[PDB]
Amino acid sequence: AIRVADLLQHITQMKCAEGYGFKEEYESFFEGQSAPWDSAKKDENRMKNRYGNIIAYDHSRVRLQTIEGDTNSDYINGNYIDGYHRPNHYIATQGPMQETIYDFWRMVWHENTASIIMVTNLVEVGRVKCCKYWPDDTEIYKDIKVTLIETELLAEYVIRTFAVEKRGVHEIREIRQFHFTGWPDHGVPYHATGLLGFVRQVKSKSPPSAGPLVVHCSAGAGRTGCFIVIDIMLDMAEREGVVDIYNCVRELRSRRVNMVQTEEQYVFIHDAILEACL
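Here this note's numbering is used: position 3 in the sequence shown is 408, and no number is missing along the way.
Structure below.
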């Protein structure tokens with residue numbers, strides 16, 4: 406643990422010798438499958454996984470209500486992750502695929518999620534990273550109707566507000582998608598400033614009474630892990646004057662494969678929390 410006051414010295418020493426401290430620390434994490442994922446690797450679930458190597462662990466996967474007469478329809482490539490002092494405060498997932506747009510929305514509904522965090526652009530370096538799973542006006546995904554109700558554009562992100570409805574349920578829920586568009590085509594942001602501003606918008610706007618925050622990038626590990634770690638750590642820093650980033654990542658990794666996918670992402674988390682604390 407690092408007192409937020411020794412944070413700069415800590416980060417600085419870790420950067421010495423081209424970041425030997427960080428390089429070695431990051432290498433201490435376990436890369437790859439560290440737990441069973443029998444359901445994720447089922448052939449019948451193969452088309453629900455974006456990246457075959459970034460799939461959902463059994464012990465923490467988010468289960469779906471089996472769609473009547475459909476075995477295996479209880480799977481979504483997503484995992485629960487604890488918040489500062491809130492169990493299962495987040496769901497780390499992959500960017501929906503056309504085949505999984507419905508599974509995504511029904512999960513959002515069933516989990517009573519109010520905020521969707523998207524930290525990837527639709528196409529990067531020529532590659533499609535996530536399908537457009539939301540409508541520009543309105544769209545009915547089987548029994549879930551989604552209506553775009555507002556769009557707010559800011560420097561490095563856009564906030565899309567939706568009026569979401571389920572058939573036969575006399576209710577209209579406001580669900581906001583916080584789309585961070587400021588993450589570079591390569592590497593990590595040059596200034597953590599924008600993502601920090603994005604985090605506070607999510608924290609401030611998110612109803613303390615709703616279900617877990619659904620976070621996703623493309624695979625649902627790197628930038629998803631960055632947002633989540635930064636979010637939890639600001640909570641700890643606030644309530645304790647201490648940050649424990651290493652153990653936070655280690656813990657997220659027990660929940661889902663390779664959270665915080667690169668060492669550069671790992672160092673960025675430190676820069677962001679340091680800036681926030683300064």
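Even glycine gets a Cβ: it sits at the ideal position worked out from N, Cα and C.
{"query": "Starting from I486 and walking both ways along the alpha helix (DSSP H), at which residues does that stretch end?", "result": "Unbroken run through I486 is the beta strand (DSSP E), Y480 to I486; no alpha helix (DSSP H)."}
{"query": "So, at 8 Å on beta carbons, what are the nonlocal neighbours of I496 in its own chain, with the 5 sequence-adjacent residues on each side left out?", "result": "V467, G483, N484, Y485, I486, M512, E516, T518, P617, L618, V619 and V620"}
{"query": "To the nearest whole angstrom, what separates the beta carbons of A626 and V593, a pair I think is in contact under 8 Å?", "result": "About 14 Å; that fails the 8 Å criterion."}
{"query": "Going by CA-CA distance only, name the one from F427, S433 and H464 that's closest to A445.", "result": "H464"}
{"query": "Would you check if the distance between the CB atom of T556 and the CB atom of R565 is smaller than 7 Å?", "result": "yes"}
{"query": "In chain order, which beta strand (DSSP E) runs of at least 3 residues are fully inside the region 618–671?", "result": "618–621"}
{"query": "Should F509 go down as buried or exposed, given a rule of 16 or more other Cβ atoms within 10 Å for buried?", "result": "buried"}
{"query": "If you measure between the beta carbons of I637 and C622, is that distance less than 7 Å?", "result": "no"}
{"query": "Tell whether a beta-carbon distance below 7 Å holds between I678 and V648.", "result": "yes"}
{"query": "Going along the chain, which residues of its own chain have a beta-carbon closer than 6 Å to the beta-carbon of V569, five neighbours each way excluded?", "result": "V551, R578 and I580"}
{"query": "Can you name the residues that DSSP bridges to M523?", "result": "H584 and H621"}
{"query": "Measuring straight from C-alpha to C-alpha, what distance separates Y431 and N526?", "result": "26 Å"}
{"query": "With distance defined between alpha-carbon atoms, name the residue in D443, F632 and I459 nearest to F585.", "result": "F632"}
{"query": "How big is the Cα-Cα spacing for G573 and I472?", "result": "16 Å"}
{"query": "Buried or exposed for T505, going by 16 or more other Cβ atoms inside 10 Å?", "result": "buried"}
{"query": "Checking 7 Å against the spacing of the C-beta atoms, do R455 and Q499 come in under that value?", "result": "yes"}
{"query": "Which residue from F434, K571 and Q582 puts its Cα closest to that of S520?", "result": "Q582"}
{"query": "Do you know how far the Cα of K428 is from the Cα of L600?", "result": "23 Å"}
{"query": "What number of angstroms, rounded off, separates the C-alpha of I674 from the C-alpha of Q470?", "result": "35 Å"}
{"query": "Rounded to whole angstroms, what is the Cα-Cα separation between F567 and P613?", "result": "18 Å"}
{"query": "Under 8 Å by Cβ, that's how I've got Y462 and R660 pegged, so tell me the actual separation to the nearest angstrom.", "result": "7 Å"}
{"query": "Helix or strand or just coil, what does DSSP make of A568?", "result": "strand"}
{"query": "Let's test the definition: count the other Cβ atoms within 10 Å of the Cβ of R605 and tell me whether it reaches 16, buried, or not, exposed.", "result": "exposed"}
{"query": "Using a Cβ-Cβ cutoff of less than 7 Å, which residues in the same chain neighbour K547 once the five nearest sequence positions on both sides are dropped?", "result": "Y507"}
{"query": "Measuring alpha carbon to alpha carbon, tell me which residue in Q666, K610, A681 and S611 is nearest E643.", "result": "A681"}
{"query": "Should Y425 be labelled buried (16 or more other beta-carbon atoms within 10 Å of its own) or exposed?", "result": "exposed"}
{"query": "Where DSSP assigns a beta bridge to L558, which residues make up the other side?", "result": "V563"}
{"query": "So the candidates are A406, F434, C421 and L413; which of them puts its Cα closest to the Cα of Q666?", "result": "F434"}
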